[PDB]
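Asks: My questions all concern the structure below.
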Amino acid sequence: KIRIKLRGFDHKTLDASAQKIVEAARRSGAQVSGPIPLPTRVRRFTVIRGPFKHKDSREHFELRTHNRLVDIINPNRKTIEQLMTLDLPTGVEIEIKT
Amino acid sequence: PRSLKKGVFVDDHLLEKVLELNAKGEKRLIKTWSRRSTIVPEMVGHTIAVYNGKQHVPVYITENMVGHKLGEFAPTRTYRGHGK
Amino acid sequence: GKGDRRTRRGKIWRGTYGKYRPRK
Amino acid sequence: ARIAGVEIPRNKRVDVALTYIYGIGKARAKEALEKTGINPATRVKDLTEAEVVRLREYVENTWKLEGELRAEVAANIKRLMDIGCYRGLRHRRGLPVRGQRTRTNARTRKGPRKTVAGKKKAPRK
Amino acid sequence: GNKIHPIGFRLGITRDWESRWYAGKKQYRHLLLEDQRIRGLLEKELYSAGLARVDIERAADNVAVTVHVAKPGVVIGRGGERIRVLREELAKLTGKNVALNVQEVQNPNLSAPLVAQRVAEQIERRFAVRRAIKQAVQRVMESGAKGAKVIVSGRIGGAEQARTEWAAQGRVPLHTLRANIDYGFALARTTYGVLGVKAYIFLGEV
Amino acid sequence: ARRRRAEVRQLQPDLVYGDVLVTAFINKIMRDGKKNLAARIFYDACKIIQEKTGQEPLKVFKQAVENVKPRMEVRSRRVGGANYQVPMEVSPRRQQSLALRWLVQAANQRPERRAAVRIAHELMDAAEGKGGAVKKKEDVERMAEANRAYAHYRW
Amino acid sequence: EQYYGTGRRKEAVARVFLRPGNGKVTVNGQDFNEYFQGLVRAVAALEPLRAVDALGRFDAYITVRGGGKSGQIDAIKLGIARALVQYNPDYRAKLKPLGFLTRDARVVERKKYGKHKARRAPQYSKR
Amino acid sequence: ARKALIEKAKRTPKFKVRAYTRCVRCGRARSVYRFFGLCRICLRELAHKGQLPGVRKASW
RNA sequence: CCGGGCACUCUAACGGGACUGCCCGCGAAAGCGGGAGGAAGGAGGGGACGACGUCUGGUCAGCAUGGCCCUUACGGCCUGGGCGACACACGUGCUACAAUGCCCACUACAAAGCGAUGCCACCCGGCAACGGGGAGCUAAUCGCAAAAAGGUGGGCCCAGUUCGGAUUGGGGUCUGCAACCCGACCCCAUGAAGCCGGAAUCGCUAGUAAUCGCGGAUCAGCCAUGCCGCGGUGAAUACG
Ligand SMILES: [Mg+2]
Ligand SMILES: [Mg+2]
Ligand SMILES: [Mg+2]
Ligand SMILES: [Mg+2]
Ligand SMILES: [Mg+2]
Ligand SMILES: [Mg+2]
Ligand SMILES: [Zn+2]
């Protein structure tokens, strides 16, 4: 009954990762609770375009943090064996907690 | 409608410095920069000189002005009118 | 109106709470 | 009903009429009527001699109103003024005493706007 | 005053970042400073080699760092002793225990960052700006490319009145958000002041 | 409007009489986009119109409108130099715009404290042939035709 | 048995479960005329029923979340218009000439920088 | 930015109310963003280069 | 709420969908008008994106950089004062001059954000700001939050008013080493001008204007009515 929470700036980097974590544990154990999206928190940065004056320049920036769930219930050694061994994504930070 | 709470602040520069004067007599003028100090009974009678940010001014502290922060009797701006 | 700090709206405006605008 | 120093509210609800006393308003008005049993909504006229007594009794004795109040305030303003006190100066000058800007909006304190000549050729905006 | 950075303009599309690492709302301003500190050295003790991009990945006290260069030999070192000096002198900036790499630039004529450097280089020496530009535009165009453009600013030729020399060939569609245009800028300290040098290289499209 | 000939917004009919001139009149009453409070004020007046009168509300409304519509108005125009107020027909479109606007404006000039009252009244007065509405309507028509001579500028 | 429509308006979604019955309406557990008390607009929400003559024929359960009640009225109006079609596809041919089956796409415009409100432009003095 | 004024780096301030910020990069102070430690100018520059991971151009 | 269920709403990733494709008319063609189907129609609505050049445009106080200039000081520390001064002039705004309103009560609809010495449920003390205690959340699963306008009821009765809150007196909370100069907030008292603004002048063509409330960055706290952004209700008018 392990709940995995994957997050990342790139949505495909997660879609990629998360997909693996599923296909993997989709054998050694349960078929997982399916990867779930979860709302995305978004950072905004509104910075005056040029230095000095021109208060009306602006330009908009944003740092979008995506999330996922997966959620694997019924861990069976190998279920955890397909995990700790195979890893890849760089822009993906994982959180496994049952 | 001023505010402070519980601790009516006073810079011990002149505080510990003023209570020592009481133990004896009254020292003519006591230049301070603790414009932020709250006036207290002890200070009464004394003569603390506060800085404008330019000069030290003689301020005879009275019993009816206790509580008012020091300075506040040492104006900063020098304004005599725009008239001409 | 929004100007009066001692009324419902006055508070809401100043975004405060108090006698005139209780935190429920 | 003469309830305070030569005070005399009338023909309106009492909780609104007590407001007409130099030391009372909404807050204190709603208090005195509360602790006097009178129903605010009653017109000063419709008040009962007895009610006018309880009301007047409290009000005049429970607070500092009218003339004496004015006297106090004024006494304070001279007080801090008779000592170097910043506020004191501000009062002598007749300029605001609560750290508001004086380069502009300070009319309510400065009184009528008294224009002067100036330096035109130069966008004073 | 106009024109968006051609790179920043297409990060979502045809153009990856130069630092790709997962979340971090309490350390972002630390890994970043680090990524910076890093590039600091690399864009110094690695200039003469064609420093054309310093990628960086991470994963819990583990930095990747992939210095792309036109002359890796200069990076590696005799037999391979410098790449060893880097790594060490490098972990002196940050513990972390960070890797390193040296992928080469297959043809620096198609590397805007480099082209900028070449032109800025000659200028620093004392070559004919206009020439330098025409030639570079050529090379870049000469070695493939579907378009190229170079822009030197400053006091061209030590002149007192700042100007701006042009030069471009083929297509350099800055608006078409997908063209895939490599951008590069190069400074140019001079006996008489700075000169900015911009290079645009158009490669394929889709 | 340099290019096209601006299309006239067609609004959804009244939710009581299923009429558009009502929605129209209702909007003119509305302020700060409070189309609800605006909606009441009218409907209430409609009742007052049917209490202080036996007539149906909606037909009294129609009457007011029809009586406030100016048929001629004067548009200024530089000619040779001076700006001659020039008389000319009023398009049925504008005729209505001016009517409903005037009704509301006149209504809010009235003294009754309650809004709905003012409208119910001004309208009834309009059907009668009085009230500020009609005064303007006629003051206008009078203004035009009073500047007759300056009409060979047909426009 | 039962019929349904989704209906959305300027950021309000309304699940409409049409059903055969009296003609009562339940919006968020409240009587239709209780959720929309004192809102002249209210009536509109059921206009698509009057179109093909229903109401006194159907009974509807309704979910509504997001926006304001004026927006919800409109969504509800879409959902109703939609379910109506499942019950009888042939309704379209007469339910559409009114456009009830159209999803009003009008929406709150983004607040642009530089201006005060997307469009409201700051004013200048003696330009 | 005076080298001298970048004393702020002195995690040794008589009282913490005196401790301010300053840009990590240009050494500015007028408008630094906590999440980055960079000023509004430095942030746009780095942002554009793609050196700010995950950061991008907001459009909508 | 619980078991349970993925249907619906939603969340987020991919994908379909509109091309004047289809019918009618004008046309040489492009295209124009009209019609059907469609959630949407002829660039469907809003963004990002700004040509070669223009102005000796702006910024050497963001940074960088040529030259000139100071190098017991044109460098550095500290304490205090000043950037907050006022007889005045202008720009941008806020609040308002009221009954389509003000007020008190009860009651209902939102989106986008933010949260570690952080957001703070709930309880208690206090008129209150806030204090003491204390659960939950590392945050679609807890909190900021109350949306306000609106709806139902009740008060005010045309008054400079139960309009409007300036100004001042008094008491107090919180931050911070410290709030005299120079913070914000609470409560009592005070309760100003203002009755819709001369010449002149500004914005906006639709989910726009107008009006209503909500969030964020910076940030100990805050002079924010500024700025960036979110959703609610929602017009008038365009002959030309
Ligand atoms: Mg009031
Ligand atoms: Mg809006
Ligand atoms: Mg600070
Ligand atoms: Mg110049
Ligand atoms: Mg200043
Ligand atoms: Mg336009
Ligand atoms: Zn910076």
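Residues displayed in chain H correspond, in order, to Swiss-Prot positions 2-61.
Determined by X-ray crystallography, 3.0 Å, according to the entry header.
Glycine residues also receive a Cβ, built from the backbone N, Cα and C atoms like all the rest.
From Swiss-Prot, for reference:
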- H:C24, H:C27, H:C40, H:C43: Zn(2+) binding site (BINDING)
Asks: Determine the minimum-neighbour residue: among H:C24, H:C27, H:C43, listed as binding-site residues, which Cβ has the fewest other Cβ atoms within 10 angstroms?
Replies: H:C27
Asks: DSSP on H:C43 (Zn(2+) binding site), three-state: which is it?
Replies: helix
Asks: How many other Cβ atoms are found within 10 Å of the Cβ atom of H:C40 (Zn(2+) binding site), counting all protein chains shown?
Replies: 24
Asks: Using the Cβ center of H:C24, H:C27, H:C40, H:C43 as the Zn(2+) site position, which other residues in that chain lie within 8 Å, going by their Cβ?
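Replies: Everything else in range on the chain: H:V25, H:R26, H:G28, H:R29, H:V33, H:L39, H:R41, H:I42, H:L44.
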